[PDB]
Amino acid sequence: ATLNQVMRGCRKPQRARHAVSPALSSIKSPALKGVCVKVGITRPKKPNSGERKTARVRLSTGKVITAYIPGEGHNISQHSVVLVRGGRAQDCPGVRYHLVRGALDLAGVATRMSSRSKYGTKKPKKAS
Amino acid sequence: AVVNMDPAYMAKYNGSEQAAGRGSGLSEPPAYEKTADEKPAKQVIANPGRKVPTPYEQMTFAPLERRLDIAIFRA
Amino acid sequence: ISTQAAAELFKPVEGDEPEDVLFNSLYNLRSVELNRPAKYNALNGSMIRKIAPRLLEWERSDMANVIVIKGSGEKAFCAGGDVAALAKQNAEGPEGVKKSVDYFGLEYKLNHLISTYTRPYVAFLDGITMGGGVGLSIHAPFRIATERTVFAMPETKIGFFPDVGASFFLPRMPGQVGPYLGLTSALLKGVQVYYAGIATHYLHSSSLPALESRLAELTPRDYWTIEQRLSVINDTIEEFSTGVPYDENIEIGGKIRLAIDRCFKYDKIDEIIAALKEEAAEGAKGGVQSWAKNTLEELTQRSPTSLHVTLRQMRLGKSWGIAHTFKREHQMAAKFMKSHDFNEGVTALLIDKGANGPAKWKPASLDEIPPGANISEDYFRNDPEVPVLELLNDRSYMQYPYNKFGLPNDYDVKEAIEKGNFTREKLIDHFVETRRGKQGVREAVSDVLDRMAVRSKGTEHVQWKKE
Amino acid sequence: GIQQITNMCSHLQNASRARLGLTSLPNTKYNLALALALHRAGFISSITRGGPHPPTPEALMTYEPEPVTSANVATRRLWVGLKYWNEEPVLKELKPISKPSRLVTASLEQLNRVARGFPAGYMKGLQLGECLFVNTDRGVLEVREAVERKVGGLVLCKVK
Amino acid sequence: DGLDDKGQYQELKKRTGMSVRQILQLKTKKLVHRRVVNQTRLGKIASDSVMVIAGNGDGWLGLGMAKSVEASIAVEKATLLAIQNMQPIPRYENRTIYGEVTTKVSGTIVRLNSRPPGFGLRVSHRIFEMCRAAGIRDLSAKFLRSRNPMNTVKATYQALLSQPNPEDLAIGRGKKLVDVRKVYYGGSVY
Amino acid sequence: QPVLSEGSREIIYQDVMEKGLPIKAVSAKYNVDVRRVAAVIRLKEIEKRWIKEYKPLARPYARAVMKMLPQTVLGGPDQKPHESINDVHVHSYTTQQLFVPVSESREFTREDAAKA
Amino acid sequence: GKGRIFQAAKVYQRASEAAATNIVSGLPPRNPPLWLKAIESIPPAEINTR
Amino acid sequence: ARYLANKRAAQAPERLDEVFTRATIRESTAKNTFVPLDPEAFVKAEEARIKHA
RNA sequence: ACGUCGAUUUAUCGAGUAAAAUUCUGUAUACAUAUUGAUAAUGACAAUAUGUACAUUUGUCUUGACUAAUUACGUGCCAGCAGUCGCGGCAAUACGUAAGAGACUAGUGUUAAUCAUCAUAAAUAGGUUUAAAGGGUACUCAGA
RNA sequence: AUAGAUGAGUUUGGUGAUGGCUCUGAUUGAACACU
Ligand SMILES: [K+]
Ligand SMILES: [Mg+2]
Ligand SMILES: [Mg+2]
Ligand SMILES: [Mg+2]
Ligand SMILES: [Mg+2]
Ligand SMILES: [Mg+2]
Ligand SMILES: [Mg+2]
Ligand SMILES: [Mg+2]
Ligand SMILES: [Mg+2]
Ligand SMILES: [Mg+2]
Ligand SMILES: [Mg+2]
Ligand SMILES: [Mg+2]
Ligand SMILES: [Mg+2]
Ligand SMILES: [Mg+2]
Ligand SMILES: [Mg+2]
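Residues numbered from 1 in each chain as written, not as in the entry; some residues may be left out. Chains lettered and ligands numbered in written order. Part of a larger assembly, values for the part shown. Heavy atoms only, no water.

- The deposited coordinates derive from cryo-EM, with the record listing a resolution of 3.05 Å.

- Looking at the PDB entry, one finds chain F named mS45 and attributed to Neurospora crassa.

- As annotated in the PDB entry, chain C is 3-hydroxyisobutyryl-CoA hydrolase, mitochondrial from Neurospora crassa.
- The UniProt entry for chain C carries this comment under Catalytic activity (unreviewed entry): "3-hydroxy-2-methylpropanoyl-CoA + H2O = 3-hydroxy-2-methylpropanoate + CoA + H(+)".
- The UniProt entry for chain C carries this comment under Subcellular location (unreviewed entry): "Mitochondrion". (UniProt positions renumbered as here; feature names shortened; annotations may be inferred.)

Set out below in structure tokens:
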């Protein structure tokens, strides 16, 4: 572009890219609290197969998002106050969030021995 | 790093000979010819030991040698 | 003489032209073009002061590997110096005479630098070469003659004597051709300069531009000796040789060459002319009646003082050094400014352009000079008034270090005969091989074997006539 | 104007790229300025102005051009002698800097930095063989000449 | 001495003409490893294209490229093909290149820069191997357009051979090109 | 690298203190750096204080350790210089690769290189 | 680009560098080709210059 | 001081070694930039008027 | 303790100089004393110096490639893992356990955000035949 | 202020380009999980 075309404002910002977790990225928050509206199952897309445990959550801001429940086995149901954090299920459309397992009402995997920090599992305290 | 420079060379020469030729210095015959001739060509004018390389790569952890606890160990 | 001492010693004196000389610098080539075609590129104080600083500068650089000097026009290379100007200054009292001695000082300082130069020096003799032009070439190892070359030393005709060191080059010429070319001031044209020995090579004038482009491509190594550098340039010049003419024969050869050695071997002009009279006399066996007669008509038309002084130094110059020559020539040429012949001949031939009749020397003719006279004795006594010439360097030599690139003369043929068992025909071939078939070797060697070679033992071997 | 120097930079490249012995350029006060700088720097062989046909190569230097009056000024032209060595042109690149759309002026404090391989402003450092020509009050000099004369000016082109 | 019990170096022992023990002292390193595939009348035929660099560490670098269905034979081919293609690379003070070089190989442009002593090999992962094998110790690099692994190495190899010769630039211009660092210290401070 | 012998340290100390010679002369006489000559005197002056204060030196540790390191006895038997006393610091400006184009016959000196 | 890179004019410059040093660092360079010294002082002519 | 030094370098003589080692550029090409009017303009105009007629 | 533990080739491969044990120090801190913050006088509170005394936790992520680090068993497109490419359909180095290994450490990971990566809006410094992108046309005011 | 400019994974049967995305580096008045 000629120096004149630049003087008149030809350089404009690039089109924005969507965030993985818009509800959190929009307001610059790392996590939000929401009331579980529904705990169901989502099926992956073409390549993957299985039943992914998801949860329809209504955030404190008002948005109704779908979060993924990590780990094996959960104890949340209708009207459960759960903590939502960023993330995304790469094979489940609309599942663009995760749920912290050491959160308010969602409990951590009790039979977890590896990566306990990721699933909110206190140490067994075998000797102690 | 530092560079050794003796005063004998400076007193005699002022670095002009180093620019002789095309700026790099007077060229010398190849090695496969010096071994053929009987008499050796005159030695080049320069500082003593001015062709050996310096080990810059081996001074990576020099800053640690400045610590007080390390200096006590090296002594 | 550093870059500063040279610039202060060769200041641009008022009156010097800006474009007297045209310098050029190619890859490995450094050219010098005397730009004064209106006056046949005649040297002068202005030009000498522009060439000496450059030659000294190019001597300190290893990138300049070949030096070339040439003329501007298509008629002359360097047609003598401003001799007509020195005549006027000489007529302005002693103050004006010292100016002439100063000019000859600069000229001798330059010719000496060229004789002891530390780099290959080439001279394109593409035109008439006389006076100062003979100083820039005879001392160089390479002297390229062409069809337009006209060599001569018209110095004894103007009352003056020989020049910047021809008194060192002429004595050690083959036989007595040196003094002959000086005294008589003969006129050599074209290839005859190549055969005589003045020129080392002979190329056509149209192939000189292509020769320069080649001399620039040559890139010698810094560890090469000067002998290697001159050999690489000698073989490069011989590539542009179109061959000497097929009809033109050696002018000074055979009979005429023998007469020169039989009439110019004495130490007195009275005997030389006496010998020539015998040759001119009908019935002589020499066969140079026509030549001897023409030579006499020219010897009786020159200043008798210069002839005595000229022939005097031809015998002395055979022992002087290259540097001692200039010092003696300066003290010698300094006394010629005070003489009556020089100031008269120059005015009567150049300023007057032959008007008012021919020149009138102080002695009417050699006959006036009695036998006991030794006029050739005052011009060889340096006076304390004239300071000794201070050359730019201390380099010197008795014989030329590299002057064996021309045709083989008697000295070379002699060395071969005295170190071998070659025959009449087998000896000529020995030179055509060593010289890589240089043009004119078969005709030059054959001539030498026709004057100083006797068929004593038949076709088995050949010996010299002197014995 | 600067448009002439830009055309001169491109043509000299195209001529060297085509391996031509001679090259013609329009006879202007500005072109002669840069040409003398290239010659003084050692990139071109000679500069002589002449008519629409090149002078006699045999007498290039000795060429005596006729006076330039209004009767022939429209036909004059600058004839430059290109250089080629080691199967490679000596004037390979002539990348310009100051174009008609923008004139780049450099200071002495910046040329001193560009002369040692360090960028400064809209220029870049000079490496081995490179060369930068600057148009200043003392003529079209080289960055190392302008640094010695302690002056800045207008940057014309970079030569490799 | 049993160093080559397979016979792969014997054919190379004649071209370059040096003992097998001396061939093992050369710095070799596989740079590229592509899995190419040619579709034929009998189905796909997967080959292994590899590029290997060989250098003694004192100013010699060779680039070789070969392919075969076996990954083992493809590396031995390029290794032998790279040791015989060794060429002398000029290096300033045996530590860096002369000036700057910019080469282009089919959309992969490489710009190498000379850097002062003690700068190090602040270059990419493939250039580090070539410089470390050729004997260079201070350099900077930058891929301008593309980063194709192969053309990246081809362009860098052609750049180490296309360095500006400071002496050819002097004779061409008729002007000295003085090594300021040499005159200052009185010699080549390696 | 060799270390200054015990008896050698005193020679340097006595020359600078008793004979009052300039440190530069002593540095160039024995080829010892001026920075080391000044440290030998500083450390030696602390010994005089200890000997003056009747303090016990680490003699058992000094003799045994000096036998593990190479030494250079100064004076008569000076086989090699202790170290280089003319080492110059490599300035960052003087590390650049510069090829200045100059005349073919120029006398480029160290002064001209410094200005470049 | 149907042509090929012909370096016939630089056979000396190339051969002179490859014969200056030895590939096996620590040994003297072997003798050069027999033709390296024959054309040492006979450089090629300038080609491709209109 | 900074003004004299800056002015002394801009009006300094060219290096001698760089004056003796530079090809000669004829003054007719490096200094004759002025283009005067054709002295024979009045004559050519009159002659061209006859031929055009 | 010429013992113990895990592998296995009962002697190989490790835990392992690791531990215990022995010889020293007195670090954070505790206490005492003194000075000082302030001087005309006024000290809420604490710092600094010196003396003496004490040897006090491990935690966490990763381990298919990018990316430093391995096997066994269980599971069987299920359960789950995942920043990207992807892994899992009965002999899975990718899931979950056990052991080993790699690394940071009173911190370690994860989420969110910003810069750089990105010449990825290119003034420095881009590009538009076939890949995003030449206006249907050129007379022309402004403007370059 | 003269040392300061660096890449990696991923489209294709495959090669070379184009053009995104992601990792590699630094950080927070950060939150959470295990400590
Ligand atoms: K001529
Ligand atoms: Mg996906
Ligand atoms: Mg584990
Ligand atoms: Mg995991
Ligand atoms: Mg304490
Ligand atoms: Mg109060
Ligand atoms: Mg790995
Ligand atoms: Mg894929
Ligand atoms: Mg696992
Ligand atoms: Mg801390
Ligand atoms: Mg269109
Ligand atoms: Mg429209
Ligand atoms: Mg349209
Ligand atoms: Mg296809
Ligand atoms: Mg791209």
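After that view, the rundown keeps rolling.
1. Quick word on the protein's contact with RNA strand J
- As a structural note, the neighbourhood of RNA strand J is formed by 44 residues, with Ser 117 and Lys 123 of chain A, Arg 113 of chain D together with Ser 92 and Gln 96 of chain F the closest of them.
- In the interface set of RNA strand J, defined as its atoms within 4 Å of the protein, sugar plus phosphate atoms amount to 68%.
- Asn 151 of chain E places a side-chain nitrogen or oxygen 3.0 Å from a phosphate oxygen of RNA strand J.
- Taken together, the elements giving at least two residues each to the surface near RNA strand J come down to α3 (116–119) of chain A together with β1 (27–40), β8 (139–143) and α5 (149–161) of chain E.
- Here the element with the most residues in the surface near RNA strand J is β1 of chain E; it accounts for 5 residues. (Near = heavy atom within 4 Å. Polar contact = N/O pair within 3.5 Å; in protein donor to acceptor, adjacent residues only side chain to side chain. Helix = DSSP H or I, 4+ residues; strand = E, 2+ residues; numbered from the N terminus.)

2. Regarding the protein's contact with RNA strand I
All names here are of chain A.
- Of all residues adjacent to RNA strand I, which total 44 residues, the nearest are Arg 11, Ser 25, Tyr 68, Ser 115 and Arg 116.
- Between RNA strand I and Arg 11, the relevant distance is 2.5 Å, taken from a phosphate oxygen to a side-chain nitrogen or oxygen of the residue.
- Between a phosphate oxygen of RNA strand I and a main-chain N or O atom of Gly 71, the distance comes to 2.8 Å.
- Elements supplying a minimum of two residues to the surface near RNA strand I: α1 (3–7), β2 (52–59) and α3.
- Considering every element that reaches the surface near RNA strand I, the biggest residue donor is α3, with 4 residues.
- Split into classes, the residues belonging to the surface near RNA strand I amount to 10 nonpolar, 18 polar and 16 charged. (Nonpolar A, V, L, I, M, F, W, Y, C, P; charged D, E, K, R; others polar.)

3. With respect to helix α12 (residues 269–280) of chain C
All names here are of chain C.
- Given a rise of 1.5 Å per residue, 12 residues ought to cover 16 Å, and the 16 Å separating the end C-alpha atoms of α12 matches this to within 8%.
- Those residues of α12 that sit buried are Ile 269, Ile 272, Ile 273, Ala 275, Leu 276 and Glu 279. Mapping the buried residues of α12 onto a view down its axis gives an arc of 155°, with all of them on the same face. α12 presents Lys 277 and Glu 278 as exposed residues on the side facing more than 90 degrees away from its buried surface. (Expected span 1.5 Å × (residues − 1). Buried < 20%, exposed > 50% of the residue type's maximum accessible area, 1.4 Å probe, protein only. Arc of directions from axis to C-beta.)

4. Structural notes on the interface of chain F and chain E
- Counting from both sides, the interface comprises 20 residues of chain F and, opposite them, 21 residues of chain E.
- Between chain F and chain E, roughly 1800 Å² of surface is buried when both sides are summed, and carbon and sulfur atoms account for 62% of that area.
- It is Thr 94, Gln 97 and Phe 99 of chain F that lose the most area in chain F upon contact with chain E, and together they represent 34% of the buried surface on that side.
- Applying the counting rule to chain F against chain E returns 0 salt bridges.
- For the pair chain F and chain E, the number of links is 8 residue pairs in polar contact.
- Looking at the side of chain F that touches chain E, the elements that each hand over two or more residues are β4 (99–102) and α5 (110–115) of chain F. (Contact = heavy atoms within 4.5 Å. Buried area = accessible area lost by both parts, 1.4 Å probe. Salt bridge = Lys/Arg side-chain N within 4 Å of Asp/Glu carboxyl O.)

5. Considering the nonpolar core
- Counting 119 residues, the largest nonpolar core has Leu 55, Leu 136, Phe 160, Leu 181, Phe 264 and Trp 291 of chain C as its most contacted members.
- For this core, the element with the most residues is helix α4 (residues 93–115) of chain C, which contributes 8 residues.
- Contact partners of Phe 160 of chain C, with chain neighbours within four places excluded, come to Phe 104, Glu 155, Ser 306, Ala 333, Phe 336, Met 337 and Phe 342 of chain C.
- Judged by nonpolar contacts, the second largest core, of 56 residues, contains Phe 240 of chain C together with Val 90, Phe 133 and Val 159 of chain D. (Core = buried A, V, L, I, M, F, W, Y, C linked by side-chain atoms within 4.5 Å.)

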